[PDB]
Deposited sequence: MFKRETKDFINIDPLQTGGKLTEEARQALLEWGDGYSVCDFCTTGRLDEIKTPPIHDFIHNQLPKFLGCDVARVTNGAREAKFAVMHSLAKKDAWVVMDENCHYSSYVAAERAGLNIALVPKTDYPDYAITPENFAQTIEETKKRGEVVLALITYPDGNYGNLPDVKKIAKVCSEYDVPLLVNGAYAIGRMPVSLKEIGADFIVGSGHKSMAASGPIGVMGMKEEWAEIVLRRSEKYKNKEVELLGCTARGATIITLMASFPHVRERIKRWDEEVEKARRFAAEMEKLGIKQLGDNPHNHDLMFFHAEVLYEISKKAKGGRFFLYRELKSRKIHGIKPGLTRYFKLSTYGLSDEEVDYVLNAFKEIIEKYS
């Protein structure tokens, strides 16, 4: 047993219901036509083989010869590759400078304009929050900047859906995407996608021969342990978001402790998500003389039953406090106190 602080896994721990259900192996229609569209606050929802497949599905459905897509600079590499696969030209809206690193409804709107000059822009996307810093840009705002430029907006909420409350309609965007494995306590690759009833005729167009199948999801009804676990955990995930405020308070507290210890939290301040990016100089210098150098931090934590940071990182790194109990939060803050002290 280890205390896990990997941002990729904290929101993906399997539920008891899901763990036990993954064994045995369903109201799937109910789940996607009713429960899911509600939960996402949108008209139509579909399950995909991952958030990046959901993104590619809409990009590909809207792409046109040489068209463009504008996505924030803090985007997920999958958002970018998905764009390359859809054959779109890619424009990145720049981020605020250190240590905010934010995507402002202005820089975004400018980038849109300065690019609507390079060719047709058929899509725009903001990552909410982004996977590098856990910053939550102002989507309600950006959804307007797009609604008043007539470009459709896709919200990449891989780190939002299943963690904090979200509503496509409350946001005012065209598409919303979520990840079952990083924020919905489900397994294998699985994603969720929600859109306005007006796009189901495009993104969810049917086959000319198999009028019952959807072209963009390759007629996949995608059953397997994947959908089962997603569903099994859904009740708990629904409840779970009612604690988001606690989660953020807990993260804020933690960063404040790191602050005192010398390692600084970047991006949103106060931060508004469990995923935090830290600048730990006192640790980078200790790596110059440490037992294993770059890998000292890892070894040290591995020893202290703590896994979650990419081994070899010391000057900068990200982590998540998501499902940690207060004792576990303290234990980690303390591991850092000790390690720093130990080395000089």
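Could you give the ranges of the deposited sequence that carry no C-alpha coordinates?
According to the deposited record, C-alpha coordinates are absent for 1-7, 33-52, which together make up the missing parts.
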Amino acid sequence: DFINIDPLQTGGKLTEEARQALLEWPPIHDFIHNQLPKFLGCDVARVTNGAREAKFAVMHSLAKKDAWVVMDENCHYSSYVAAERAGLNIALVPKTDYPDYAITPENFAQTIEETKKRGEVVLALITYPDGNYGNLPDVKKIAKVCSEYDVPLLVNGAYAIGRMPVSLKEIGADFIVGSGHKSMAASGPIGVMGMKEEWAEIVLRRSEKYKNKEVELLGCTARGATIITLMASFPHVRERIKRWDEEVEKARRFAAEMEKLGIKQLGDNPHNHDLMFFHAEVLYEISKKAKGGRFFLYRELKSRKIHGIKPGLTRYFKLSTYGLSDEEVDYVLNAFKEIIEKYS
From here on, numbers count along this sequence of modelled residues.
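Report the stretch with the higher mean CA temperature factor, choosing between 277-285 and 51-59 on the basis of the entry.
Stretch with the higher mean C-alpha B-factor: 277-285.
Mean C-alpha B-factor higher for 104-112, or for 234-242?
That would be 104-112.
Peak C-alpha temperature factor (PDB record), options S207, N156, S78, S147:
So the option with the highest C-alpha B-factor is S147.
Which is it among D268, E214, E259, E249: the one with the largest CA B-factor in the entry?
It is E259.
CA B-factor ranking of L319, expressed as a third of its chain
For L319, whose C-alpha B-factor we compare with every modelled residue in the chain, the answer is the lowest third.
Among the chain's modelled residues, which third holds the C-alpha B-factor of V93?
For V93, whose C-alpha B-factor we compare with every modelled residue in the chain, the answer is the middle third.
Within-chain third of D138 by Cα B-factor, per the entry
For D138, the deposited C-alpha B-factor lands in the highest third.
Comparing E201 with the other modelled residues of its chain, is its CA B-factor in the lowest, middle or highest third?
For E201, whose C-alpha B-factor we compare with every modelled residue in the chain, the answer is the highest third.
Lowest, middle or highest third: where is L40 by C-alpha B factor in its chain?
As the PDB entry reports it, the C-alpha B-factor of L40 lands in the lowest third of its chain.
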